[PDB]
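Note that the sequence shown covers residues 93 to 496 in this note's numbering. For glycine and all other residues, C-beta sits at the position ideal for the given N, C-alpha and C. Worksheet for the structure shown next.
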Amino acid sequence: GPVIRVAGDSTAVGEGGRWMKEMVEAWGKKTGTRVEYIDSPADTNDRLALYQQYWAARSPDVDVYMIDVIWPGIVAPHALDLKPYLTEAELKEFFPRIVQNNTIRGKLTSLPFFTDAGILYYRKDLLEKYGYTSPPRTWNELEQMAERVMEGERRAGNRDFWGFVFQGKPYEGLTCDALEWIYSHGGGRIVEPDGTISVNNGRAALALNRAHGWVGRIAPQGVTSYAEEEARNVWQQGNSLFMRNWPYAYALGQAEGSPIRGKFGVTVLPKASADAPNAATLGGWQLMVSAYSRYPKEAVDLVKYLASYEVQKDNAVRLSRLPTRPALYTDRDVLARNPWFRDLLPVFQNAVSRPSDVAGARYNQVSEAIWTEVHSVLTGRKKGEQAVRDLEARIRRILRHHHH
Ligand SMILES: OC[C@H]1O[C@@](CO)(O[C@H]2O[C@H](CO)[C@@H](O)[C@H](O)[C@H]2O)[C@@H](O)[C@@H]1O
């Protein structure tokens, strides 16, 4: 009978690919259906390019794709409309914001699978050691704490010790980190939901200059090549006071044999001042049935299973990834394992989106402009003032004649 083939997540990032393959194999065993897992590269933008090869070919060789929150507007032609397959009551079990994000010109492109938001990981043991009682609320405080803890840990002999790690590589992950910097300085959303390209302002420029000032000082020089896992590995080995990353890093840091198990907490990222908005970039992944799948019925069944209460529960408990079902945030087992899901729920609800709705199918070009200009500041090639002006000009060219 049919073989249902899935491309989603990556064995190169944490446990997500291994866990995805496991969930797909469980469905195949439960239903008596043959399945195959196709692995993907680590970085989202690399996955998009890979999957676009299949889509350009109208290839039947993948039935189900795990797609990024930033993609519906790009991938919609390649998605089977799921709306007719779900009742209104079934669809209401997901966060409406994400269902809306995944709905493009009426087509429900994909089911919400897990959500995501950028957060601050902090070493609680080190804060205590150096006399700090709370994680930093401002970027200035983050810098001051990192300098002091770094000075002390270096003097005690840890050559590998840094104050802060984050994603500074030129790829989509840096657009995520940079939105957070800019928004948390009161510099706006780069491109506003109304279409206004707002990034050429002094607050955005200051945000980028500040981030440059970390490189080689409180963050490793090599941070400009770090994606999620490079940051996580310095952190997880016990070599960074602070890290910006997503929820998945938490369960991995708590695993038996982690050097940092029991030594960290999480909180909202810091911001420029008390009246700036909190910034947590919205992430998350969705489950799409290919428009080119020969087996839409079986594929939809697998997608419903993956997005079900019990599979999302397993994702939350074992992988610390955020459900897209509000009911799971009150589940006793979810919360006992990850209490911070409750503490940070308002951070997740107020997460700031990248400009994927307003850029639509041009989002990947916009993001590439953003990450390359931001990177030029991190590498010291340009100051923030020049980079935001240049970025404005680039985005204006990219979105000229685009209406939303
Ligand atoms: O494969 C899922 C896995 O990818 C991550 C990053 O490792 O996804 C987040 O980061 C991306 C940028 O690098 C965002 O585009 C995406 O929206 C966001 O979810 C993990 O957090 C996630 O478990």
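Set against 7 Å, the gap from the CB of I162 to the closest heavy atom of ligand 1 is smaller. Under DSSP, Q378 takes part in a beta bridge, and its partners are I159, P204. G476 and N301 do touch by the CB rule: their CB atoms are close to 4 Å apart, below 8 Å.
Between the C-alpha atoms of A485 and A149 there is a straight-line separation of about 34 Å.
A heavy atom of ligand 1 is found nearer than 7 Å to the CB of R413. Between ligand 1 and the CB of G375, the shortest heavy atom gap is smaller than 7 Å.
Distance from the C-beta of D252 to the nearest heavy atom of ligand 1 is not below 7 Å.
Cβ-Cβ distances below 8 Å link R336 to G210, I211, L212, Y213, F256, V257, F258, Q259, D269, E272, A323, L361 in the same chain, with the five nearest sequence neighbours on each side left out; the list follows chain order.
When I310, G278, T316, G305 are compared, the shortest CA-CA separation from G265 is found for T316. In this chain, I289 is not harboured by any alpha helix (DSSP H), its DSSP state being neither H nor E. In the DSSP annotation of this structure, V360 is not part of any beta strand (DSSP E), being labelled neither H nor E. Taking 8 Å as the cut-off, the beta carbon of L203 is found closer than this to the beta carbon of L379. Here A368 has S276, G278 as same chain residues with Cβ atoms under 6 Å from its own Cβ, once five neighbours each way along the sequence are excluded.
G124 sits in coil when the DSSP states are folded into three classes, being neither helix nor strand. Secondary structure at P369: coil, using DSSP grouped into helix, strand and coil. If you compare the alpha carbons of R97, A299, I96 with that of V469, the shortest gap goes to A299. Between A364 and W231, the C-beta spacing is below 8 Å. Judged by beta-carbon spacing, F205 lies within the 8 Å limit of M158, meaning their Cβ atoms are closer than that value. In this chain, the beta strand (DSSP E) harbouring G255 covers 254–257.
The C-alpha of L140 lies about 11 Å from the C-alpha of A134. Pairing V439 with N331 gives a Cβ-Cβ distance that is not under 8 Å. Here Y143 is buried: its Cβ has 16 or more other Cβ atoms, across all protein chains shown, within 10 Å. For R246, the enclosing alpha helix (DSSP H) covers residues 231–247.
In this structure the region 226–244 does not lie against the region 285–297, because fewer than three pairs of beta carbons, one per stretch, are closer than 8 Å.
Ranked by how close their Cα comes to the Cα of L174, the residues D153, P415, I196, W463 have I196 in first place. Collapsing the DSSP output to three states places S332 in a strand.
Apart from sequence neighbours up to five positions away, the residues of its chain that approach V98 with a beta-carbon distance below 6 Å are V116, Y129, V156, ordered along the chain. Residue side-chain check: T201 keeps its Cβ at 7 Å or more from all non-hydrogen atoms of ligand 1. C-alpha of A419 to C-alpha of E185: approximately 8 Å in a straight line. When the five nearest sequence neighbours on each side are left out, the beta carbons in the same chain lying within less than 6 Å of the beta carbon of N407 are those of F206, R413, in order along the chain. Taking every protein chain shown into account, the CB of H170 has 16 or more other CB atoms within 10 angstroms, so this residue is buried. Per DSSP, the unbroken alpha helix (DSSP H) holding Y342 starts and ends at 340–345. Take the alpha-carbon of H495 and the one of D482: they are about 22 Å apart. By the 16-neighbour rule on beta-carbons within 10 angstroms, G249 is exposed. Under the DSSP definition of a beta bridge, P415 partners with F206. Boundaries of the beta strand (DSSP E) around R97: 95–99.
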